[PDB]
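What follows draws every value from the coordinates through simple rules; no lab data is involved. Note: ideal-geometry Cβ built from the backbone for every residue, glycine included; neighbour counts use all protein chains shown.
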Amino acid sequence: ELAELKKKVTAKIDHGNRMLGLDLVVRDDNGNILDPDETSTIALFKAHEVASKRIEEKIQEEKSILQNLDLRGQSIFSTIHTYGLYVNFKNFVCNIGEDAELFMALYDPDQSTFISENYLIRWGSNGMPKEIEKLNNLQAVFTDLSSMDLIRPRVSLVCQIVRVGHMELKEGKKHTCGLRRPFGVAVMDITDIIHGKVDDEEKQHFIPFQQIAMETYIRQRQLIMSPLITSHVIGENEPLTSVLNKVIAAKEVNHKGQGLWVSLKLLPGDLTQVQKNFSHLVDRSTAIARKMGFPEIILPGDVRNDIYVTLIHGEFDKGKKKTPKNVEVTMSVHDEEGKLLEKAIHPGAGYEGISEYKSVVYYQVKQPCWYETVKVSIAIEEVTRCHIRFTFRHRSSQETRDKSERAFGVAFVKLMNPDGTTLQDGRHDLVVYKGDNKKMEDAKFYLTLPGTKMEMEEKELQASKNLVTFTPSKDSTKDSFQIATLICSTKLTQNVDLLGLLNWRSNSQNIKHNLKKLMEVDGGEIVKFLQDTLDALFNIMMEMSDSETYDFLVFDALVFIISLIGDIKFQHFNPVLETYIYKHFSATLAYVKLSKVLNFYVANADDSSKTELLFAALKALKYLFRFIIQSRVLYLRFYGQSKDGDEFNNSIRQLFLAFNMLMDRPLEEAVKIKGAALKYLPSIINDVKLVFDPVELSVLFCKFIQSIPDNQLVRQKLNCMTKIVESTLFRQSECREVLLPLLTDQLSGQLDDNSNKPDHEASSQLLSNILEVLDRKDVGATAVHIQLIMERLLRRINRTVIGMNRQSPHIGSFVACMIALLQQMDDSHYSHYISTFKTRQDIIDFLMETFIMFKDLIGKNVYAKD
């Protein structure tokens, strides 16, 4: 709080200073007067320019916000990718007469797909809440939202309601109390609402609503001159796709007095701060919903052990009677011994779970649409030995026959696979079995019965090839079902290659096939058990070092894995990788193996098919060199001292010379590739200095850069050098008299080119940072080195500023450079060599040129008068 208040106060202070054109502040943080303490003219300018650009950004934002307030909301929402939905469910103006259940979610009409899950709310029979606790404290947060979900072309919230009570909402027949019957779905457009342009929590937008046919008072009574009506009643005979799309396209509905008051508010962030800063909208009793989708902010510890099962559609033949059988999914959770567990089904997000759950009922539909997603939560050890059954019970009109009739057909699904896998995500069909009632009840029997499409089809194929111990049963009927599975858990494995990494000892025959398939894997399943996969690869490359093609495919796979690690979506897990390196990384001799493999890689860089592979390898060199350094230090500490240090240093030097020849060979095919290679080249050599001799590393880099041609892509290599001296030149104890000549040579090449217009900024950053290292108090003695510097760092910059006296470029940078230079040197070195220049005519010319450039700098100085 102190830091943020200091920042905002200082920002508004400088805003006032500039708007009235008076003196501003320095050193934005921690003191604000620390700059005039001769700290750094470099940092002085840096503060100047950052303050100036902040001024420009603030004034343009002020000008934009003086007219419209649309950019601020979009920017705030784009700051992070973690948002939540809050509903202000005020009241329900309607009256039905039976218990009601609410189900709202997110559906994209353009994608024609649902996104989020649904939560249930108990409501009374006459527009009241059954639980008055939710009457007033109705605070709900629906998490898992990001920019990619907000970038949807049409964003709408789907709200469906299912009743609980009688089969008929009138007299005529007795019906069992406590059964599910859907009514209809309400959908509203929230595209403009989710943009956060206007924050109005009090406003309660009414939504018109449409549902299935329920009354026959005006539709049929008045029909004259042609009475011919032979039809039935449509109570629940609506496929959901067409009705949902029609409601979406619809703009207004004659609900005839039915609807509710709701307001949707977007609160950015997660439960960490919305439970503290958004307490007025997010209480402690707020329900939290996990959308069926991978998070955009893939942070560590985002624990999700939710198993989502979606019921979509299924064929239902009429059968012996013309009325299709009433189908209710009486499902339950069972273990390896078929024991029912309690509180395992969570139809609503934020509500208590139930041991058993039943589904909705339709009005004798051959092909009804369900859109029914349910969630399963089981212990990670227990879920490995769990199974789910789907018993379908025929429900009759009278309670006696409704409850007397048992499950006519039983379905089921295996939660695992015999090879170790689990149920793969995607659309799965179902086939039900009827008739016998004894073989489908004993738990130990149906453990090996067909319950999923993939296992059923593979079993029938095995029967076709070998009709021994497996024969296709005839108990199936003329119906089928279809399900959607999306298990967003943390311990599942929907990848045969995943277990293959886990248990390669069992099926090492397909090692080549698995290594080939390792490079198209989805990121989430990888990051789920990346640590285990990496180890397994380490063990494979350790114990099996005989096959070099195995080594090639393993290196390619690890390159792909570390590349996916390096993506912008997964910097959160990089600390996890660091910690796993520090705790479980047990490689001792793999460092030299990987070093030799990459030496082969660079020495064999001639293939055109190897282009992108080596490109990504050099992109991710940092992490692999981290692994190599860890393995080598582990070896050194295990054996105390290694005489293999000399040979591995020679290996690194051979890698250096391989890079030398890699740059020497023609660039026509590796322009971007070699540019990026130099771009990230010294990123890890910082930690290599911890393990190798700094003098040799520095001089090898000096030889490399002096070998870099003076013909192509100079600005890129100058950015490289910028980052180069930035690192470990502060480790100046052994890298002065060698690094300084290289800087001198590259700046001299920078000097006279007749095309150094974009070179000015690069050379500016260069000289800036070199002076930064020259001034550091953690350096020591720098007398003779600064002496040689000023021996060759004065006339050249004088000439450069003389050439670029034009006032359009960013001269003030070089102004700061030269002034820092002049102040930094003490009078002694001035007297020793700045005085000891060439002949009297030459020194007089020097003096007059200096006077000219001084008067030109002072003459019409072109700063921002601030």
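Counting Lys and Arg as +1 and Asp and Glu as -1 over every other residue whose Cβ lies under 15 Å from the Cβ of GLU441, the net charge comes to +4. Over the range 411-515, the pair-distance histogram of Cα-Cα distances with 5 Å bins from zero comes to 2, 10, 17, 19, 20, 17, 8, 5, 2, 0 percent, rounded to whole numbers.
For the range 716-866, what number results from the quotient of the Cα radius of gyration and 2.2 N^0.38 Å? Don't skip to the end; give the middle numbers.
Working: Rg = 15.8 Å, N = 151, 2.2 N^0.38 = 14.8 Å.
My calculation over the Cα atoms of the range 716-866 gives 1.07.
The Cα-based radius of gyration of the range 434-493, divided by its Kirkwood radius, gives an Rg/Rh of 1.02.
Once the other residues with Cβ under 13 Å from the Cβ of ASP842 are scored (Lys, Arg +1; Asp, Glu -1), what is the net sum? Write down the numbers at each step before the final one.
Values: positive: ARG795, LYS838, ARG840; negative: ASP845, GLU849.
Cβ neighbours under 13 Å give a net charge of +1.
Per-residue extension of 0.36 nm, minus the Cα-Cα distance of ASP302 and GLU761, leaves a gain of 160.9 nm for this segment.
Taking the convex hull of the alpha carbon atoms in the range 114-267, what volume per residue do you get, in Å³?
170 Å³
Potential lengthening of the chain between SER404 and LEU636 amounts to 75.9 nm, from the contour at 0.36 nm per residue minus the alpha-carbon distance. Label point of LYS63 set 7 angstrom out along Cα-Cβ; within the range 1-38, amide nitrogens under 20 Å from it belong to 12, 14-22. Centre-to-centre separation between the Cα atoms of the range 818-835 and those of the range 478-506: 72 Å. Among 716-723, 684-691, 665-672, sorting by the average number of other beta carbon atoms lying within 10 angstrom of each residue, highest first, gives 716-723, 684-691, 665-672. By DSSP, the beta bridges lying fully in the chain are antiparallel in about 95 percent of cases.
Across every direction, the projection of the convex hull enclosing the Cα atoms of the range 205-314 has a mean area of 12.5 nm². Across the range 520-666, Cα-Cα pairs farther apart than 20 Å form 51% of the total.
Report note on the peptides 426-436, 278-288: ranked by the mean count of other C-beta atoms within 10 Å, highest first, their order is 426-436, 278-288. Applying 1/(1 + (r/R0)^6) with r as the Cβ-Cβ distance of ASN754 and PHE846 and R0 = 35 angstrom yields a FRET efficiency of 0.90.
Over all other residues within a Cβ to Cβ distance under 11 Å of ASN539, the charged ones net out to -2, with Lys and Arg as +1 and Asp and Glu as -1.
Suppose every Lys and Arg Cβ carries +1 and every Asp and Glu Cβ carries -1, with no other charges. What dipole size does the range 673-767 come out with about its Cα centre, to the nearest 20 debye?
300 debye
Applying 0.36 nm per residue to the separation of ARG776 and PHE470 and subtracting their alpha-carbon distance, the gain on full extension is 102.2 nm.
Students often check this: by mean Cβ neighbours within 10 Å, which of 206-217, 142-153, 546-557 ranks highest, and how do the rest follow?
Working: 206-217: 13.9, 142-153: 17.6, 546-557: 15.8.
Averaged packing, sorted descending, gives the order 142-153, 546-557, 206-217.
Rounded to whole Å, give me the distance from the Cα center of the range 36-70 to that of the range 515-577. The two parts, judged by their Cα centres, are 44 Å apart. Return the long-range amide H neighbours of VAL329 (sequence gap of 5 or more, or a different chain), with a cut-off of under 5 Å between placed amide H atoms. Those qualifying (amide H under 5 Å, at least 5 residues apart or on another chain) are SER359. Taking N as the residue count of the range 1-136, its C-alpha radius of gyration divided by 2.2 N^0.38 Å amounts to 1.85. Number of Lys-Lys pairs in the range 1-122 with C-alpha atoms under 23 Å apart and a separation of 8 or more places or on different chains: 17.
The range 593-643: Rg/Rh from Cα coordinates, Kirkwood Rh?
My calculation of the ratio gives 1.12.
Which FRET efficiency value, to the nearest 0.05, do you get for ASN503 and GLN275 by plugging their Cβ-Cβ distance into 1/(1 + (r/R0)^6) with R0 = 45 Å?
Numbers: r = 43 Å, r/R0 = 0.95.
It comes out at approximately 0.60.
On a per residue basis, the convex hull of the C-alpha atoms belonging to the chain measures out at 253 Å³. When both the range 160-197 and the range 227-290 are represented by their alpha-carbon centers, they are found 10 Å apart. For the range 726-778, a Kirkwood radius taken over Cα pairs fed into Stokes-Einstein (25 °C, viscosity 0.890 mPa s) yields D = 204 µm²/s. Working from label points 7 Å from Cα in the Cα-to-Cβ sense, the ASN861 to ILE132 distance is 7.7 nm.
Take the Kirkwood radius over Cα pairs of the range 268-416, plug it into Stokes-Einstein at 25 °C and 0.890 mPa s, and you get 135 µm²/s for translational diffusion.
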